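*Asks:* Below is the file query_3.cif, which contains mmCIF, C-alpha atoms.
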```
data_query
loop_
_atom_site.label_atom_id
_atom_site.label_comp_id
_atom_site.auth_asym_id
_atom_site.auth_seq_id
_atom_site.Cartn_x
_atom_site.Cartn_y
_atom_site.Cartn_z
CA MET A 1 -14.52 0.17 -0.54
CA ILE A 2 -11.02 -0.62 -1.46
CA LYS A 3 -10.14 0.64 -4.97
CA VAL A 4 -7.91 -1.83 -6.88
CA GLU A 5 -6.59 -1.19 -10.38
CA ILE A 6 -5.08 -3.62 -12.91
CA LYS A 7 -2.93 -1.39 -15.19
CA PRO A 8 -2.43 -2.29 -18.93
CA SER A 9 1.10 -3.55 -18.05
CA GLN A 10 -0.34 -5.98 -15.45
CA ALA A 11 -2.68 -7.91 -17.77
CA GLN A 12 -0.81 -11.22 -17.51
CA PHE A 13 -0.02 -13.76 -14.85
CA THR A 14 3.06 -15.81 -14.13
CA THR A 15 3.01 -19.38 -12.72
CA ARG A 16 5.06 -20.94 -9.94
CA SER A 17 5.16 -24.67 -9.35
CA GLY A 18 6.31 -27.42 -7.03
CA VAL A 19 5.44 -30.52 -5.04
CA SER A 20 3.55 -30.74 -1.73
CA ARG A 21 4.77 -32.54 1.42
CA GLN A 22 3.18 -35.84 0.48
CA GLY A 23 3.85 -35.88 -3.28
CA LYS A 24 1.00 -33.88 -4.97
CA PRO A 25 1.93 -31.34 -7.75
CA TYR A 26 0.68 -27.76 -7.48
CA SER A 27 0.65 -24.64 -9.62
CA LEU A 28 -0.01 -21.11 -8.46
CA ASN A 29 -0.88 -18.20 -10.84
CA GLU A 30 0.20 -14.73 -9.69
CA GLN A 31 -0.81 -11.30 -10.99
CA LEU A 32 0.19 -7.76 -9.89
CA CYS A 33 -2.11 -4.83 -9.17
CA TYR A 34 -2.27 -1.39 -7.54
CA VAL A 35 -4.28 -0.82 -4.36
CA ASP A 36 -5.08 2.60 -3.07
CA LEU A 37 -4.30 2.71 0.62
CA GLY A 38 -4.74 6.47 0.90
CA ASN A 39 -1.04 7.40 0.59
CA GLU A 40 0.23 9.85 -2.09
CA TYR A 41 0.27 7.06 -4.71
CA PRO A 42 -1.32 3.51 -4.91
CA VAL A 43 0.94 0.63 -3.85
CA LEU A 44 1.97 -2.55 -5.71
CA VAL A 45 0.29 -5.75 -4.44
CA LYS A 46 0.65 -9.43 -5.50
CA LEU A 47 -2.56 -11.44 -6.21
CA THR A 48 -2.69 -15.27 -6.23
CA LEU A 49 -5.54 -16.39 -8.51
CA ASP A 50 -7.96 -19.27 -7.74
CA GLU A 51 -7.85 -22.56 -9.69
CA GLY A 52 -9.22 -22.29 -13.24
CA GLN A 53 -9.53 -18.47 -13.15
CA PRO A 54 -8.08 -16.22 -15.96
CA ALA A 55 -6.04 -13.07 -15.25
CA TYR A 56 -8.21 -10.08 -14.43
CA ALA A 57 -8.46 -7.69 -17.41
CA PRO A 58 -7.18 -4.03 -17.06
CA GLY A 59 -9.66 -1.82 -15.22
CA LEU A 60 -11.10 -0.82 -11.86
CA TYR A 61 -12.15 -3.37 -9.25
CA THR A 62 -13.23 -3.64 -5.62
CA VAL A 63 -12.74 -6.53 -3.12
CA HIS A 64 -15.22 -9.44 -2.80
CA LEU A 65 -16.42 -10.58 0.67
CA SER A 66 -15.02 -14.08 0.02
CA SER A 67 -11.49 -12.59 0.42
CA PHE A 68 -11.90 -12.75 4.21
CA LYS A 69 -11.89 -15.51 6.87
CA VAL A 70 -11.56 -15.75 10.64
CA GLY A 71 -7.98 -16.83 11.44
CA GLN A 72 -6.72 -19.26 14.07
CA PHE A 73 -6.41 -16.56 16.75
CA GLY A 74 -10.02 -15.30 16.23
CA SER A 75 -9.16 -12.08 14.33
CA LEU A 76 -10.18 -11.33 10.73
CA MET A 77 -7.61 -12.13 8.04
CA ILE A 78 -7.34 -11.97 4.26
CA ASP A 79 -7.42 -15.48 2.80
CA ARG A 80 -6.84 -14.47 -0.84
CA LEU A 81 -7.70 -11.09 -2.36
CA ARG A 82 -10.63 -11.84 -4.69
CA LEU A 83 -11.89 -9.07 -6.97
CA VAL A 84 -15.12 -7.99 -8.65
CA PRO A 85 -15.62 -5.20 -11.30
CA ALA A 86 -16.28 -1.77 -9.85
CA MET B 1 -18.38 -2.97 2.24
CA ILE B 2 -17.95 -5.26 5.13
CA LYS B 3 -20.83 -4.96 7.64
CA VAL B 4 -19.61 -5.20 11.27
CA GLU B 5 -21.93 -5.04 14.28
CA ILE B 6 -21.13 -4.43 17.96
CA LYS B 7 -24.07 -6.04 19.84
CA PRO B 8 -25.28 -4.58 23.23
CA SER B 9 -23.50 -7.50 25.00
CA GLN B 10 -20.16 -6.57 23.34
CA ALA B 11 -19.95 -2.97 24.60
CA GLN B 12 -16.89 -3.53 26.81
CA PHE B 13 -13.26 -4.45 26.35
CA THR B 14 -10.93 -6.66 28.33
CA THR B 15 -7.18 -6.00 28.77
CA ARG B 16 -4.23 -8.36 28.49
CA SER B 17 -0.77 -7.44 29.67
CA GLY B 18 2.87 -8.44 29.74
CA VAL B 19 6.48 -7.50 29.12
CA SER B 20 8.30 -7.23 25.77
CA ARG B 21 11.58 -8.97 24.87
CA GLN B 22 13.75 -6.12 26.10
CA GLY B 23 11.82 -5.09 29.23
CA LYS B 24 9.03 -2.66 28.10
CA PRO B 25 5.48 -3.13 29.58
CA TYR B 26 2.52 -3.40 27.20
CA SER B 27 -1.26 -3.53 27.44
CA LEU B 28 -3.66 -4.66 24.76
CA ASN B 29 -7.45 -3.91 24.81
CA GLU B 30 -9.67 -6.47 23.09
CA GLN B 31 -13.33 -6.24 22.07
CA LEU B 32 -15.65 -8.74 20.31
CA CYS B 33 -17.89 -8.10 17.31
CA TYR B 34 -19.93 -9.81 14.58
CA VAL B 35 -18.86 -9.65 10.94
CA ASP B 36 -21.10 -10.67 8.13
CA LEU B 37 -19.17 -12.92 5.80
CA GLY B 38 -22.21 -13.94 3.78
CA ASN B 39 -22.90 -17.24 5.58
CA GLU B 40 -26.31 -18.01 7.20
CA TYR B 41 -25.35 -16.00 10.32
CA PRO B 42 -22.59 -13.38 11.11
CA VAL B 43 -19.43 -14.75 12.75
CA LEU B 44 -17.67 -13.76 16.00
CA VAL B 45 -14.42 -11.80 15.52
CA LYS B 46 -11.87 -10.41 18.03
CA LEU B 47 -10.78 -6.73 17.68
CA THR B 48 -7.57 -5.31 19.23
CA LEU B 49 -8.05 -1.58 19.85
CA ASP B 50 -5.39 1.11 19.20
CA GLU B 51 -3.66 2.95 22.07
CA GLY B 52 -5.88 5.50 23.83
CA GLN B 53 -9.07 4.44 22.00
CA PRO B 54 -12.36 3.64 23.89
CA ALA B 55 -14.49 0.55 23.13
CA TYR B 56 -16.72 1.02 20.12
CA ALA B 57 -20.35 1.68 21.16
CA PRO B 58 -23.15 -0.78 20.05
CA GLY B 59 -24.21 -0.21 16.44
CA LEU B 60 -23.36 -0.76 12.79
CA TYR B 61 -19.88 -0.11 11.39
CA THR B 62 -17.79 -0.63 8.26
CA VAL B 63 -13.99 -1.12 7.91
CA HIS B 64 -11.54 1.82 7.57
CA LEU B 65 -8.81 1.76 4.87
CA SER B 66 -6.12 2.03 7.56
CA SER B 67 -6.90 -1.61 8.52
CA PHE B 68 -4.77 -2.80 5.60
CA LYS B 69 -1.02 -2.99 4.81
CA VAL B 70 1.22 -4.77 2.32
CA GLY B 71 2.81 -7.76 4.11
CA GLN B 72 6.35 -9.10 3.87
CA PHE B 73 5.53 -11.41 0.94
CA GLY B 74 3.93 -8.58 -1.14
CA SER B 75 0.27 -9.59 -0.64
CA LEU B 76 -2.36 -7.47 1.14
CA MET B 77 -2.94 -8.23 4.82
CA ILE B 78 -5.07 -6.93 7.67
CA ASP B 79 -2.91 -5.05 10.17
CA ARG B 80 -5.66 -4.36 12.73
CA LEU B 81 -9.39 -4.13 11.96
CA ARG B 82 -10.21 -0.43 12.42
CA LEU B 83 -13.85 0.65 12.25
CA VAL B 84 -15.89 3.71 11.30
CA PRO B 85 -19.69 4.30 11.80
CA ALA B 86 -21.85 3.08 8.95
#
```
Would you mind writing the file's structure down as structure tokens?
*Replies:*
Amino acid sequence: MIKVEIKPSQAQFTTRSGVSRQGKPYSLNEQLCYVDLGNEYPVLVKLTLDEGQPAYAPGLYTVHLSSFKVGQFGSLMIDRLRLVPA
Amino acid sequence: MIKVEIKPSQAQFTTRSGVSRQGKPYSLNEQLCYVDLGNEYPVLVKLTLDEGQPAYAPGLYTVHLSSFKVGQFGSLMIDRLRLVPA
């Protein structure tokens, strides 16, 4: 299990916006977190939230299986990092 | 934890080869496996092995932390799926 932490300073999201190729509006909500990759300190990672989801509250989390998909070359990839409480 | 299984029929690797942009030879060893992504059946996934590593033997495995890296846009990505015995 991957340990992910939302620090107190990371409790909000920001929103970026634009227009798709054929005219549709979009909005993306982004939140920061720390992921422990086994180095001397955790590293900073950007999360893009799913539609209608609030920012994750401060605390400890692990990664949900729905984060993964098989990519177009047949290898496993991360689609979007989706979290669940630890 | 991600459940990965090497079936008896997947106990070997194949090798692809070529030459890099500035003349260096390379060889890549590839092995297949099944990864349970929570659908009705596990899905087929291609693994690229690291230099000097044998094919994983048949059995159950989970994913090592070294599989992950922060990508050039700041989000988490899979570098290469690296496995450890379950």
*Asks:* Evaluated on this file, the PyMOL selection byres ((chain A) within 6 of (chain B)) picks out some residues - which ones are they, written as a list in words?
*Replies:*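 Output from the PyMOL selection byres ((chain A) within 6 of (chain B)), applied to this file: residues 1, 45, 46, 74, 75, 77 and 78 of chain A.
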*Asks:* What separation in Å, quoted to one decimal, exists between CA of residue 53 in chain A and CA of residue 24 in chain A?
*Replies:*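 CA of residue 53 in chain A sits 20.4 Å away from CA of residue 24 in chain A.
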*Asks:* Rounded to one decimal, what separation in Å do you get between CA of residue 50 in chain B and CA of residue 33 in chain A?
*Replies:*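 That distance, rounded to one decimal, is 29.2 Å.
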*Asks:* Calculated over all atoms listed in the file, which of the candidates A:60, A:28, A:86, A:55 has the smallest distance to residue 13 in chain A?
*Replies:* A:55
*Asks:* So for range 56-75 of chain A, what box centre and size do we get, axis-aligned, 8 Å extra on each of the six sides, every listed atom, Å to one decimal, as lines of an AutoDock Vina configuration file?
*Replies:*
```
center_x = -11.4
center_y = -10.0
center_z = -0.3
size_x = 26.0
size_y = 34.4
size_z = 50.2
```
*Asks:* Between CA of residue 49 in chain A and CA of residue 25 in chain A, measure the distance and give it in Å to one decimal.
*Replies:*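 Between CA of residue 49 in chain A and CA of residue 25 in chain A the gap works out to 16.7 Å.
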*Asks:* Save chain B to a file: C-alpha atoms, as a PDB file, in the first residue's frame.
*Replies:*
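Resulting contents of out.pdb:
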```pdb
ATOM      1  CA  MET B   1      -3.023  -3.978  -2.729  1.00  0.00           C
ATOM      2  CA  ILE B   2      -3.115  -4.851  -6.338  1.00  0.00           C
ATOM      3  CA  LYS B   3      -3.291  -8.640  -6.892  1.00  0.00           C
ATOM      4  CA  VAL B   4      -1.156  -9.761  -9.875  1.00  0.00           C
ATOM      5  CA  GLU B   5      -0.913 -13.364 -11.048  1.00  0.00           C
ATOM      6  CA  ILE B   6       1.623 -15.028 -13.359  1.00  0.00           C
ATOM      7  CA  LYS B   7      -0.232 -18.090 -14.754  1.00  0.00           C
ATOM      8  CA  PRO B   8       1.702 -21.328 -15.662  1.00  0.00           C
ATOM      9  CA  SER B   9       1.388 -20.354 -19.374  1.00  0.00           C
ATOM     10  CA  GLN B  10       3.079 -16.970 -18.708  1.00  0.00           C
ATOM     11  CA  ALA B  11       6.333 -18.302 -17.210  1.00  0.00           C
ATOM     12  CA  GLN B  12       8.571 -17.081 -20.048  1.00  0.00           C
ATOM     13  CA  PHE B  13       9.639 -13.783 -21.517  1.00  0.00           C
ATOM     14  CA  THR B  14      10.220 -12.652 -25.066  1.00  0.00           C
ATOM     15  CA  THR B  15      12.892 -10.114 -26.119  1.00  0.00           C
ATOM     16  CA  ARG B  16      12.653  -7.139 -28.461  1.00  0.00           C
ATOM     17  CA  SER B  17      15.703  -5.318 -29.745  1.00  0.00           C
ATOM     18  CA  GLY B  18      16.962  -2.301 -31.627  1.00  0.00           C
ATOM     19  CA  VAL B  19      19.276   0.687 -31.741  1.00  0.00           C
ATOM     20  CA  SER B  20      18.922   4.016 -29.893  1.00  0.00           C
ATOM     21  CA  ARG B  21      19.025   7.478 -31.511  1.00  0.00           C
ATOM     22  CA  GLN B  22      22.772   7.854 -31.122  1.00  0.00           C
ATOM     23  CA  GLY B  23      23.900   4.286 -31.911  1.00  0.00           C
ATOM     24  CA  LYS B  24      23.627   2.253 -28.637  1.00  0.00           C
ATOM     25  CA  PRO B  25      22.061  -1.292 -28.799  1.00  0.00           C
ATOM     26  CA  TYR B  26      19.205  -2.160 -26.439  1.00  0.00           C
ATOM     27  CA  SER B  27      17.205  -5.226 -25.475  1.00  0.00           C
ATOM     28  CA  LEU B  28      13.900  -5.294 -23.664  1.00  0.00           C
ATOM     29  CA  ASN B  29      12.431  -8.445 -21.985  1.00  0.00           C
ATOM     30  CA  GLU B  30       8.635  -8.635 -21.835  1.00  0.00           C
ATOM     31  CA  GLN B  31       6.378 -10.948 -19.823  1.00  0.00           C
ATOM     32  CA  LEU B  32       2.559 -11.199 -19.573  1.00  0.00           C
ATOM     33  CA  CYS B  33       0.445 -11.337 -16.421  1.00  0.00           C
ATOM     34  CA  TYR B  34      -3.103 -10.969 -15.082  1.00  0.00           C
ATOM     35  CA  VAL B  35      -4.076  -8.027 -12.879  1.00  0.00           C
ATOM     36  CA  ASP B  36      -7.281  -7.923 -10.962  1.00  0.00           C
ATOM     37  CA  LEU B  37      -8.915  -4.573 -11.525  1.00  0.00           C
ATOM     38  CA  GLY B  38     -12.185  -5.554  -9.878  1.00  0.00           C
ATOM     39  CA  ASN B  39     -14.079  -6.448 -13.077  1.00  0.00           C
ATOM     40  CA  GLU B  40     -15.710  -9.896 -13.581  1.00  0.00           C
ATOM     41  CA  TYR B  41     -12.345 -11.400 -14.631  1.00  0.00           C
ATOM     42  CA  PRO B  42      -8.643 -10.257 -14.293  1.00  0.00           C
ATOM     43  CA  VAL B  43      -7.185  -8.454 -17.324  1.00  0.00           C
ATOM     44  CA  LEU B  44      -4.059  -9.194 -19.402  1.00  0.00           C
ATOM     45  CA  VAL B  45      -1.143  -6.785 -18.805  1.00  0.00           C
ATOM     46  CA  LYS B  46       2.356  -6.557 -20.379  1.00  0.00           C
ATOM     47  CA  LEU B  47       5.393  -6.277 -18.026  1.00  0.00           C
ATOM     48  CA  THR B  48       8.824  -4.980 -19.147  1.00  0.00           C
ATOM     49  CA  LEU B  49      11.505  -6.509 -16.909  1.00  0.00           C
ATOM     50  CA  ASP B  50      14.546  -4.616 -15.525  1.00  0.00           C
ATOM     51  CA  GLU B  51      18.091  -5.332 -16.769  1.00  0.00           C
ATOM     52  CA  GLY B  52      19.523  -8.639 -15.530  1.00  0.00           C
ATOM     53  CA  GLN B  53      16.225  -9.835 -13.994  1.00  0.00           C
ATOM     54  CA  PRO B  54      14.758 -13.351 -14.738  1.00  0.00           C
ATOM     55  CA  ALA B  55      11.082 -13.917 -15.618  1.00  0.00           C
ATOM     56  CA  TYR B  56       8.850 -13.996 -12.565  1.00  0.00           C
ATOM     57  CA  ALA B  57       7.855 -17.582 -11.661  1.00  0.00           C
ATOM     58  CA  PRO B  58       4.096 -18.602 -11.669  1.00  0.00           C
ATOM     59  CA  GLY B  59       2.295 -17.438  -8.536  1.00  0.00           C
ATOM     60  CA  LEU B  60       0.697 -14.520  -6.723  1.00  0.00           C
ATOM     61  CA  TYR B  61       2.377 -11.121  -6.461  1.00  0.00           C
ATOM     62  CA  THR B  62       1.695  -7.538  -5.390  1.00  0.00           C
ATOM     63  CA  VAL B  63       3.218  -4.258  -6.696  1.00  0.00           C
ATOM     64  CA  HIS B  64       6.467  -2.769  -5.285  1.00  0.00           C
ATOM     65  CA  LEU B  65       6.642   0.966  -4.389  1.00  0.00           C
ATOM     66  CA  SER B  66       9.507   1.440  -6.870  1.00  0.00           C
ATOM     67  CA  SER B  67       6.936   1.031  -9.702  1.00  0.00           C
ATOM     68  CA  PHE B  68       5.892   4.666  -9.222  1.00  0.00           C
ATOM     69  CA  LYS B  69       7.402   8.098 -10.028  1.00  0.00           C
ATOM     70  CA  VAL B  70       6.193  11.688 -10.266  1.00  0.00           C
ATOM     71  CA  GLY B  71       5.733  12.519 -13.975  1.00  0.00           C
ATOM     72  CA  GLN B  72       6.565  15.712 -15.850  1.00  0.00           C
ATOM     73  CA  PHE B  73       3.144  17.278 -15.168  1.00  0.00           C
ATOM     74  CA  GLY B  74       3.359  16.647 -11.366  1.00  0.00           C
ATOM     75  CA  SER B  75       0.909  13.697 -11.205  1.00  0.00           C
ATOM     76  CA  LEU B  76       1.828  10.154 -10.139  1.00  0.00           C
ATOM     77  CA  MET B  77       2.649   7.705 -12.923  1.00  0.00           C
ATOM     78  CA  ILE B  78       3.739   4.091 -13.279  1.00  0.00           C
ATOM     79  CA  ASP B  79       7.367   3.923 -14.395  1.00  0.00           C
ATOM     80  CA  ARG B  80       7.556   0.120 -14.762  1.00  0.00           C
ATOM     81  CA  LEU B  81       5.377  -2.388 -12.903  1.00  0.00           C
ATOM     82  CA  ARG B  82       7.780  -4.087 -10.466  1.00  0.00           C
ATOM     83  CA  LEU B  83       6.532  -7.066  -8.465  1.00  0.00           C
ATOM     84  CA  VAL B  84       7.183  -8.748  -5.126  1.00  0.00           C
ATOM     85  CA  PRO B  85       5.809 -12.142  -3.851  1.00  0.00           C
ATOM     86  CA  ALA B  86       2.482 -11.907  -2.062  1.00  0.00           C
TER      87      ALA B  86
END
```
